[PDB]
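**Student:** Residue numbers (our numbering), protein chains in the order written: chain A, 276 to 447; chain B, 276 to 447; chain C, 11 to 236; chain D, 128 to 178; chain E, 2 to 179; chain F, 7 to 67; chain G, 518 to 617.
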Amino acid sequence: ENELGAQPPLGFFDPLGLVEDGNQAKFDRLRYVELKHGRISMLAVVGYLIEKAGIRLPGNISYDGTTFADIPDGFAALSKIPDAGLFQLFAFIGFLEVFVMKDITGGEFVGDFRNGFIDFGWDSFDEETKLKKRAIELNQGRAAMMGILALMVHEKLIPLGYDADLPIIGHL
Amino acid sequence: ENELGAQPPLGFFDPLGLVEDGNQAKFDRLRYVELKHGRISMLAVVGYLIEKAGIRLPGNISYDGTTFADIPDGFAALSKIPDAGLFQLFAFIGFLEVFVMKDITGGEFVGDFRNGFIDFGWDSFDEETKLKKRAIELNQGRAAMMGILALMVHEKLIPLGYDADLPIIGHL
Amino acid sequence: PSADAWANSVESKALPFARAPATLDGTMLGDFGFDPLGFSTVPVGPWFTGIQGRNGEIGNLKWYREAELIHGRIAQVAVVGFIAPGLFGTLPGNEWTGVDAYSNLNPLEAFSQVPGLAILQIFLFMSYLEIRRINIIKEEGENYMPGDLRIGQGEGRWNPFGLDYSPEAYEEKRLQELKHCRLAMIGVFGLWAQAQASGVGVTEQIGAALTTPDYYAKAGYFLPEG
Amino acid sequence: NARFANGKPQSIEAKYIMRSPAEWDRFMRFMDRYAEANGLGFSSXXXXXXX
Amino acid sequence: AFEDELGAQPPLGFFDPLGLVXXXXXXXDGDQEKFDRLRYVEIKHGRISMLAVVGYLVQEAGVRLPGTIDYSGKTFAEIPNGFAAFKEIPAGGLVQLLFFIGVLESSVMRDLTXXXXXXXXXXXXXXXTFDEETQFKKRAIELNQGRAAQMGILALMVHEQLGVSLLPXXXXXXXXXX
Amino acid sequence: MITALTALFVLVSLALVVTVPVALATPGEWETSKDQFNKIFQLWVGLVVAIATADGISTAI
Amino acid sequence: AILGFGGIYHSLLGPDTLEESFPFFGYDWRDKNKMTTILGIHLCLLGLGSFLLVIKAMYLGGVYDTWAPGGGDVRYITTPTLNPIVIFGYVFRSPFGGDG
Ligand code: KC2
Ligand code: KC2
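(1) What is the DSSP secondary structure of E:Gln-10, counted as helix, strand or coil?
(2) Using a Cβ-Cβ cut-off of less than 8 Å, give me the residues of the stretch 91–105 of chain E that come near chain I, in sequence order.
(3) With DSSP collapsed to three states, give me the class of C:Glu-149.
(4) Let me confirm a value: A:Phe-365 is counted as buried when at least 16 other C-beta atoms fall within 10 Å, else exposed. Which label applies?
(5) Grab the span of the beta strand (DSSP E) containing A:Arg-306 for me, first residue to last.
(6) Going along the chain, which residues of its own chain have a beta-carbon closer than 6 Å to the beta-carbon of G:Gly-579, five neighbours each way excluded?
(7) Starting from the beta carbon of A:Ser-354, find every residue of chain E whose beta carbon is closer than 8 Å, and list them in chain order.
(8) E:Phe-84 and E:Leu-66 - do their beta-carbons sit closer together than 8 Å?
(9) Flag E:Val-64 as yes if its beta-carbon sits less than 8 Å from any beta-carbon of chain F, otherwise no.
(10) What is the rounded straight-line gap between the Cα of C:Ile-144 and the Cα of C:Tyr-154?
(11) Which residues count as close to ligand 1 when the rule is a CB under 6 Å from any of its heavy atoms, in chain order?
(12) Measuring only from the beta carbon, is A:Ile-444 closer than 7 Å to any heavy atom that is part of ligand 2?
(13) Starting from G:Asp-590, trace the beta strand (DSSP E) both ways and give me its first and last residue.
(14) So with CB distances below 8 Å, who are the chain D contacts of G:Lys-549?
(15) Less than 8 Å between the beta carbons of A:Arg-314 and A:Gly-416, yes or no?
(16) Pick helix, strand or coil for A:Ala-281, following the three-state DSSP scheme.
(17) Under 7 Å between beta-carbons, which chain G residues line up against F:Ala-56? List them in chain order, please.
(18) Any residues in the stretch 527–538 of chain G with a beta carbon nearer than 7 Å to a beta carbon of chain F? Which ones, in chain order?
(19) Chain G beta carbons: is any one of them nearer than 8 Å to that of C:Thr-213?
(20) So if I threshold CB-CB distances at 8 Å, which residues from the stretch 128–158 of chain D count as touching chain G?
(21) Determine the direct distance from the alpha carbon of E:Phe-36 to that of C:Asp-35, and round the result to whole angstroms.
(22) When the cut-off is 8 Å and only beta carbons count, does B:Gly-386 lie next to chain C?
(23) Along the alpha helix (DSSP H) that carries D:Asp-159, what are the first and last residues, could you check?
(24) Return the bridge partner residues of G:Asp-582 from the DSSP annotation.
(25) Mind checking B:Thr-380: buried by the 16 CB within 10 Å criterion, or exposed?
(26) Using CA atoms only, rank isn't needed, just tell me which of A:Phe-384, A:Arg-331 and A:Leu-361 is closest to A:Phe-343.
(27) Does F:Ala-31 get closer than 8 Å to chain G when you measure Cβ to Cβ?
(28) With distances taken Cα to Cα, identify the nearest neighbour of E:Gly-94 among E:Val-159, E:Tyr-72 and E:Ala-156.
(29) Whose CA, out of E:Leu-98, E:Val-64, E:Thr-69 and E:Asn-82, lies closest to the CA of A:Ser-354?
(30) Quick one: list the residues of chain A neighbouring C:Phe-49, beta-carbon separation under 7 Å, in chain order.
(31) What's the C-alpha gap between C:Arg-184 and G:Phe-568?
(32) Can you pull the DSSP bridge partners for C:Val-20?
(33) Are the beta-carbon atoms belonging to A:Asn-390 and A:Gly-382 less than 8 Å from one another?
(34) Apply the 10 Å Cβ neighbour rule to C:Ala-13 and answer buried if 16 or more other Cβ atoms are within range, or exposed otherwise.
(35) Is there contact here, the stretch 120–128 of chain C with the stretch 130–140 of chain D, by at least three beta-carbon pairs under 8 Å?
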């Protein structure tokens with residue numbers, strides 16, 4: 276429901292007035308939007324940090340003769356995957372998204388029944404598995420959502436981030 | 276809370292009588308003074324052993340051509356960090372100390388609300404959660420606080436603790 | 011919907027096209043109604059005084075005012091710290107090893123050159139005037155005045171001088187302090203950006219744009235008196 | 128000089144201590160009537176008839 | 002009128018030999034057989050076809066933005082005038098086209114709505130709107146303009162993959178004598 | 007096609023230069039005939055737009 | 518014709534005095550505040566008009582130069598001179614011979 280999310284040092288923080296309805300129904304949907312951009316941007320920054328560390332796989336990615344080292348770091352990488360690879364992301368992720376295993380039905384308290392193993396679950400600590408850990412993942416997303424808007428704009432004006440760090444880090 | 280840190284062999288041990296007076300406050304003060312000294316000393320000897328065993332990171336720490344391998348073990352290390360590194364320690368560790376993550380008020384019965392997941396167990400084990408684990412962490416600090424007085428005053432004579440284990444181990 | 015305070019909207023004297031979200035309210039001296047996005051509707055309590063105190067109030071600012079006061083006061087000392095090493099002497103360095111680490115006029119690079127024992131002793135003093143502020147936040151409690159290192163004229167705060175200033179002139183000074191606090195923060199951002207955009211200090215920029223640069227300046231006066 | 132392209136044309140510091148002191152010393156006489164007296168807008172067609 | 006009974010106009014008028022608006026004949030009760038969907042889904046294919054046909058004329062006429070489309074070495078002239086023009090583009094370019102299409106699609110211009118958006122055809126944000134009598138005509142004009150482009154762009158799809166580009170289809174034999 | 011569109015554009019603007027200030031300086035015939043001049047003003051700019059496309063297309067043909 | 522129409526508008530069909538129903542556009546000629554506000558509006562538009570040339574020379578298509586190197590040509594003014602002693606040394610120069 277409500278009573279989750281932001282927290283010290285903000286608490287309920289809707290300062291421009293986008294949700295001040297007094298209606299849970301609009302606030303419900305924008306929460307699960309934030310969970311989803313939470314979950315995606317988190318695996319994209321750690322995807323970015325592991326791609327930028329030079330952590331690659333060995334071998335060719337196809338019979339194009341593109342190694343995993345050939346695919347450049349940064350924004351170009353997803354763009355110059357071969358097209359038939361990008362269909363197979365779509366075929367698998369799209370099944371994984373809209374109906375199987377993750378079902379995002381309608382934005383519904385996506386609970387997905389993947390609750391850790393022992394850890395961090397009901398009939399144990401009250402404070403933790405919800406009202407804290409459910410709050411951190413969202414705020415983890417809040418860090419990583421801002422991490423990509425950075426990262427894209429860091430890549431937009433300069434080359435890639437490892438080529439942003441050997442030369443200048445100061446502003447334009 | 277009061278009965279803590281006074282398990283055998285020494286029991287309650289105020290030899291000189293500085294908690295001979297009364298109040299919760301100067302026992303509150305000196306406890307979390309003792310705990311934070313505990314927490315800092317414990318990572319500093321584990322920080323010592325992982326430095327002195329030759330576990331480093333390849334690559335320069337700055338533009339200088341100062342690698343992590345070029346930074347020697349011991350007390351030349353923290354001093355020969357470049358200054359802008361130390362001012363970024365004081366920024367982050369600073370924000371982490373006072374402000375982000377780790378609240379420091381007067382020693383507030385420092386709870387910090389995190390710890391693990393199924394682990395903190397009140398409602399499960401009233402003598403495991405506190406009074407044993409909360410007692411050992413104090414004492415592991417009490418070892419490690421006596422480890423860094425050790426760590427300095429050993430290294431004050433020429434071989435350090437990788438160097439002190441190739442030559443002489445005997446006293447002056 | 012706790013930030014619904016954009017429902018009633020007091021005039022933003024700052025922005026005559028926009029509005030102010032009614033928590034500004036004209037109580038505090040610095041208020042002229044500037045809140046183009048928010049942070050006024052929500053306050054935050056002092057988290058460093060309590061995990062209990064991490065949560066905040068609904069109308070009491072007190073802390074955005076301090077962060078406006080502390081950043082503004084440091085910035086006022088900072089703008090002199092950029093400008094005054096260029097106008098005056100630059101402290102001959104012969105006490106410890108290392109000669110003329112001070113002599114650099116660029117304040118970003120003179121930061122790195124000057125020995126780590128020197129800025130540490132600045133950091134220790136700039137520490138010591140602030141654990142003092144921790145105690146003054148604890149002792150004053152919820153009676154807290156957002157400035158107040160116990161320096162002022164009343165109470166026996168410290169009061170060295172002939173600080174005889176009347177409560178009307180006292181309201182002027184807090185306003186004059188605050189207006190320079192808001193002005194110096196943009197100044198330090200100016201000085202920090204000009205020291206990056208050119209590797210020189212201020213007196214090597216403003217004292218360079220008043221020169222008739224050598225390739226434009228005329229040769230001289232070679233006319234004879236006969 | 129003579130097309131040295133000077134600012135308010137001038138080739139010595141000695142005439143800078145002629146421009147400023149002769150403006151100022153016939154300025155301080157003007158101040159001696161109009162010092163310590165401000166404000167008092169009038170909103171008329173060129174009255175400004177205060178003394 | 003909002004969207005109902007629009008676009009039925011002579012010499013034909015109303016069209017159901019099939020049964021798909023008769024609501025009981027064919028493909029019925031399977032899935033998403035709401036007529037107001039199909040009412041809309043005609044219009045958007047019409048709108049995309051109208052920009053497809055008109056935009057294709059401006060492409061084939063040689064009207065080109067001057068410069069380079071990327072900094073990996075494609076100028077605007079190097080994109081062919083024809084069907085493989087969406088091929089010869091950087092793929093990261095085609096990411097960006099589809100993305101801003103999707104931004105319109107998730108938020109800005111309708112793509113949840115079963116009717117049309119707010120735009121109200123004139124120029125700009127002023128949006129000179131039609132009032133009563135003329136509007137019943139011109140909303141159904143947009144439908145008939147939509148359908149003619151839907152037949153027109155696919156006609157074209159059949160043309161040059163089986164033939165040659167519109168510049169050689171207008172520089173060689175085309176159907177009649179002329 | 008450009009020459010015919012600007013020929014109509016001059017002949018509309020003759021009626022505009024004449025009949026508008028005769029209807030502006032009339033105290034009665036503005037509020038009544040404003041929807042007759044709105045139709046022609048909107049038509050007039052909508053002819054400027056349709057003649058700017060014509061030069062725009064038929065230069066870079 | 519846009520500017521011609523609105524000039525014929527406010528000279529024939531308009532409020533004869535603006536300060537009845539438009540206080541933002543009305544004035545007294547003696548309101549020293551309001552007459553400076555109309556200055557300060559118009560100074561900004563002359564200011565934005567002057568950068569509009571600076572956008573034209575630096576960025577949008579450049580500006581013709583006869584001192585252009587190797588022949589007179591349209592070129593981009595990449596590095597103008599913003600030293601005020603150079604710039605205001607034109608204004609405080611003499612108006613006579615060769616100063617100019
Ligand atoms: C969503 C993650 C994902 C899943 C679940 C998945 C499943 C399977 C299965 C099912 C069990 C088979 C049998 C299979 C086989 C091939 N995959 Mg693989 N695959 C995944 C992802 C990608 C990407 C991202 C690429 C890729 C490719 C190839 C090529 C060689 C093609 C060639 O050389 O022509 C072959 C043969 C690359 C490519 O398509 O190159 C054009 C390329 O980018 N795949 N793949
Ligand atoms: C407390 C752990 C810690 C955190 C959380 C943290 C976060 C960030 C963040 C963004 C949030 C950025 C953007 C950032 C950037 C840089 N850090 Mg880093 N940083 C960490 C600490 C240290 C230390 C000890 C050093 C250091 C350095 C650099 C240099 C290179 C400067 C150069 O070589 O020019 C750059 C650019 C070294 C250094 O300052 O060299 C003079 C150096 O010793 N950092 N750092």
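Built from N, CA and C at the ideal position, the CB exists for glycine as well.
**Tutor:** Well, looking at it:
(1) Within the fifth sequence, the letter at position 9 stands for residue 10 of chain E. Reduced to three states, the DSSP call for E:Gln-10 is strand.
(2) Given the protein chain composition of this structure (A, B, C, D, E, F and G), no chain I is represented.
(3) In the third sequence, residue 149 of chain C corresponds to position 139, counting from 1. Helix at C:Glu-149.
(4) Within the first sequence, numbered from 1, the residue matching residue 365 of chain A stands at position 90. The residue in question, A:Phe-365, is exposed, as its Cβ has fewer than 16 Cβ neighbours within 10 Å.
(5) As a working note, residue 306 of chain A is residue 31 in the first sequence. Taken as a continuous stretch (DSSP letters only), A:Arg-306 belongs to no beta strand (DSSP E), being part of the alpha helix (DSSP H) at 299–327.
(6) Working through the seventh sequence from its first residue, we reach residue 579 of chain G at position 62. Cβ within range, chain order: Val-591, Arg-592 and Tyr-593.
(7) As a working mapping, residue 354 of chain A is identified with position 79 in the first sequence. The contacting residues are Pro-91, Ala-92, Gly-93 and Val-96.
(8) The residue you call residue 66 of chain E lines up with position 65 of the fifth sequence. The residue you call residue 84 of chain E lines up with position 83 of the fifth sequence. The answer is no: Cβ separation not under 8 Å.
(9) Your numbering for residue 64 of chain E matches position 63 in the fifth sequence. Cβ-Cβ to chain F under 8 Å: yes for E:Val-64.
(10) Against the third sequence, residue 144 of chain C aligns to sequence position 134. Against the third sequence, residue 154 of chain C aligns to sequence position 144. Their backbone Cα atoms lie some 12 Å apart in a straight line.
(11) A:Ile-336, A:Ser-337, A:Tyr-338, A:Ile-356, A:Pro-357, A:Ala-359, A:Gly-360, A:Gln-363, A:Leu-364 and A:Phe-367
(12) Residue mapping note: residue 444 of chain A aligns to position 169 of the first sequence, counting from 1. Yes, since a heavy atom of ligand 2 falls inside the 7 Å radius drawn around the Cβ of A:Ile-444.
(13) As a working mapping, residue 590 of chain G is identified with position 73 in the seventh sequence. Here the beta strand (DSSP E) through G:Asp-590 covers 590–592.
(14) In the seventh sequence, residue 549 of chain G corresponds to position 32, counting from 1. By Cβ distance, chain D contributes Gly-168 and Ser-170.
(15) Here the question's residue 314 of chain A lines up with position 39 in the first sequence. Here the question's residue 416 of chain A lines up with position 141 in the first sequence. In contact: A:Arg-314 and A:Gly-416 (Cβ atoms closer than 8 Å).
(16) As a first step, residue 281 of chain A is located in the first sequence; it is residue number 6 there, counting from the start. Coil at A:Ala-281, not helix or strand.
(17) Residue 56 of chain F sits at position 50 when you count from the first residue of the sixth sequence. Under the 7 Å cutoff, chain G gives no residues; its nearest Cβ is about 17 Å from F:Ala-56.
(18) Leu-529 and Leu-530
(19) On the third sequence, position 203 is the one that residue 213 of chain C refers to. Not closer than 8 Å to any Cβ of chain G, the Cβ of C:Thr-213 fails to qualify, so no.
(20) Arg-130, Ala-132, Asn-133, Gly-134, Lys-135 and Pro-136
(21) As a first step, residue 35 of chain C must be located in the third sequence, where it is residue number 25. As a first step, residue 36 of chain E must be located in the fifth sequence, where it is residue number 35. Cα to Cα, C:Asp-35 sits roughly 54 Å from E:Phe-36.
(22) Reading the second sequence from its first residue, position 111 is the one you call residue 386 of chain B. So yes, B:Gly-386 belongs to the interface.
(23) The residue labelled residue 159 of chain D in the question sits at position 32 within the fourth sequence. Here the alpha helix (DSSP H) through D:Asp-159 covers 155–161.
(24) Locating residue 582 of chain G in the seventh sequence gives position 65, where the first residue counts as 1. The partner list for G:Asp-582 (beta bridge, DSSP) reads G:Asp-590.
(25) As a first step, residue 380 of chain B must be located in the second sequence, where it is residue number 105. Buried, since its Cβ has 16 or more Cβ neighbours within 10 Å.
(26) Walking along the first sequence from the start, residue 343 of chain A turns up at place 68. That would be A:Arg-331, whose Cα lies nearest to the Cα of A:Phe-343.
(27) As a first step, residue 31 of chain F must be located in the sixth sequence, where it is residue number 25. Interface residue, yes.
(28) Taking the fifth sequence and counting its residues from 1, the one referred to as residue 94 of chain E is at position 93. Closest by alpha carbon: E:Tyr-72.
(29) Counting from 1 along the first sequence, the entry for residue 354 of chain A is found at position 79. If we check each option's Cα against that of A:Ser-354, E:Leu-98 comes out closest.
(30) The residue labelled residue 49 of chain C in the question sits at position 39 within the third sequence. Within chain A, the residues near C:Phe-49 are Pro-290.
(31) Counted from its first residue, the third sequence places residue 184 of chain C at position 174. Counted from its first residue, the seventh sequence places residue 568 of chain G at position 51. Between C:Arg-184 and G:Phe-568, the C-alpha separation is close to 39 Å.
(32) Counting from 1 along the third sequence, the entry for residue 20 of chain C is found at position 10. BP columns for C:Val-20 point to C:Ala-30.
(33) Translated into positions along the first sequence, residue 390 of chain A becomes position 115. Translated into positions along the first sequence, residue 382 of chain A becomes position 107. Going by C-beta atoms, A:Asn-390 is not nearer than 8 Å to A:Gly-382.
(34) Position 3 of the third sequence, counted from the start, is the residue given in the question as residue 13 of chain C. Buried is the call here.
(35) no
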